[PDB]
There are 2 protein chains.
Amino acid sequence: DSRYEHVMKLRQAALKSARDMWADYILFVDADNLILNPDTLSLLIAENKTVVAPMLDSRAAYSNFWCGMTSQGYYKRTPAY
Amino acid sequence: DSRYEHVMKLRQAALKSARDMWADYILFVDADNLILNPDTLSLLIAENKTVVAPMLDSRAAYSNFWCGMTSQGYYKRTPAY
């Protein structure tokens, strides 16, 4: 709980600092992720979206794009994942 | 000449500060100027030009718009003025 609260506070502080500089767009990419392709920030911002996210693949099914919350935020295997 | 240097330095400081805030458009208004129309800023922004300046009224033919300089900054009374 303490770690989650600290992470939430840090993320909100990052958002607040991103708002005070009149800065358009913000890409809060964590340390574990690795943006391999060069056209990430070039192609991603070209869709005029509210919060657009990139499809980060991996060695298995798990990725950064859930397909639906069932009852309490748990991952629900939708028929399109 | 010292007054001119100080005024130019102040204008340069304002311009430099206007680009450290990642802002768009800068309005430098003199103390003796009064904006009668409250919608002047929106109309000026809607002009879609690099540098703009509206026509400030005066009791005489003198205005904030010069029709041209002759050789070294002397006023040239062009017929279009």
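By the method listed in its record, cryo-EM, this PDB entry was determined to a resolution of 3.75 Å.

A tally of regular secondary structure across chain A gives 2 helices and 0 strands. The globule rule puts the C-alpha radius of gyration for 81 residues at 12 Å, and the 15 Å found for chain A is more than 25% above it. Seen through its C-alpha atoms, chain A measures out along the principal axes to roughly 40 × 35 × 25 Å.

Here we take up unusual backbone geometry. If you check the backbone angles, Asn48 of chain A has positive phi at about 55° while not being a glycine. Summarising the element assignment, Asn48 of chain A is placed in the segment after α2 (40-43).

Rules used throughout
- Residues numbered from 1 in each chain as written, not as in the entry; some residues may be left out.
- Chains lettered and ligands numbered in written order.
- Part of a larger assembly, values for the part shown.
- Heavy atoms only, no water.
- Residues with missing side-chain atoms left out of burial classes, pairs and counts.
- Helix = DSSP H or I, 4+ residues; strand = E, 2+ residues; numbered from the N terminus.
- Rg over C-alpha atoms; globule rule 2.2 N^0.38 Å.

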